[PDB]
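The chain below stands alone, shown as structure tokens; this is the form deposited in one PDB entry.
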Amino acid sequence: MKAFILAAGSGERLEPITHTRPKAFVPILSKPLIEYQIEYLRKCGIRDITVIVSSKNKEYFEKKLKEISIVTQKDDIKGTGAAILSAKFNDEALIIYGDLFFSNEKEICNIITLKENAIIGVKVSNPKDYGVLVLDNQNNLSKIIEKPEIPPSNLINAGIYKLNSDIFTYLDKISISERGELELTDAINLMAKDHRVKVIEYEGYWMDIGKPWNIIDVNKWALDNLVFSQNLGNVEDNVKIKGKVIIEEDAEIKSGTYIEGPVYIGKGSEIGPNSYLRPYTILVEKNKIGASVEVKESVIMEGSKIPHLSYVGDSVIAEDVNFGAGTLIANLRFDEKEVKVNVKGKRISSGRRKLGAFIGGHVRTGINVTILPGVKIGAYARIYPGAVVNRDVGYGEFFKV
């Protein structure tokens, strides 16, 4: 079987994390998303894996992914289906979207054994949304309604396909489109009329990582489900530990530190003294968390440093960020309703009453910096000492007021 991972976005909805890395490389605990996909694939016996990427991102993938084929997408076009206008297959291919996280490959191993075109569907409690799956009288695919604001079903398109070379036929016959995007689903919808397209229902955990808070979502899931309490590091005397705690090799934990698990402490981390790690603290790798620093429910990526007099709650902080002494993120509005976030130029609700900030790679905040809830700070941004960040900060911007 051949597998194609469609990793060619944009990007945009996951800013500022995507200012410095393609979404396929968003970490879930210690490893990038795409590394889980590839590893699920290989557990199913699929080895011939190709990533369709953008030309911008071609170099990055090649550099990071050892034995995987990288193929840049058609530039004269954009979409899910314009991606596989770069598909190099006959017979059959497994197609997956580059931003999905799924807990188990059991469905993939199952789909590849089928001669017919098949598709995975998952039940979400918000099917709007999401292309909803219309199942005919026999439970193969009738059609997929693209984001209809009425939910005809709880079954949505899980974005895991096993398609035969017949797909190319309907890809040409499909005129595209009303967003500009040459879409896959369109082509699958004509084919579903002639061809029988099975529908397997996905059973475990699925998440498309389509908004920055979903990085918290999957990392929380993973902390709960994929790892178990262990200590491969150095813990000094007078550190209190409760609950599940992953301490990785080379990690050093200094006295006075207090950990209420579940907490993931990435390798090479230096915690303490007198730090407080609270449930769902995920330090991906080589992080510094100093004296009088408290973290709760956040993902702090590689080599990022929060060394003094800081609270980080419900946030996502990207790689090589440094907090000046006294930066504080707020995670609650004065009026305690859902925190809104600008995502591709729209103010949308996160669904979260508590939500702090989204910080790009290589950010440096001055001392005593104040960040409001749901604010995004662009990679490479510089925040003047004492400033109150009460709006989104651009990529590479200095911010004072």
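Residue positions are given as counts along the sequence shown, with the first one as 1.
This next part talks about the form deposited with a small molecule bound, which is not shown.
Under a 4.5 angstroms non-hydrogen atom cutoff, the small molecule in the deposited bound form has residue 78 among its neighbouring residues. The closest non-hydrogen atom of residue 7 lies within 4.5 Å of the small molecule in the deposited bound form. Although the partner is absent here, residue 157 sits far enough away that none of its heavy atoms falls within 4.5 Å of the small molecule in the deposited bound form. For residue 382, no non-hydrogen atom is located within 4.5 Å of the small molecule in the deposited bound form, even though that partner is not displayed. Only one segment in the set 118-126, 70-78, 132-140, 248-256 has any non-hydrogen atom within 4.5 angstroms of the small molecule in the deposited bound form, and it is 70-78. Annotated contacts: 220, 297 and 338 are all free of the small molecule in the deposited bound form [non-hydrogen atom within 4.5 angstroms]. Proximity to the small molecule in the deposited bound form, taken as a non-hydrogen atom within 4.5 angstroms, holds for one residue of 31, 344, 58, 42, which is 344. Checking 314, 99, 285, 186 for any heavy atom within 4.5 Å of the small molecule in the deposited bound form turns up a single hit: 99.
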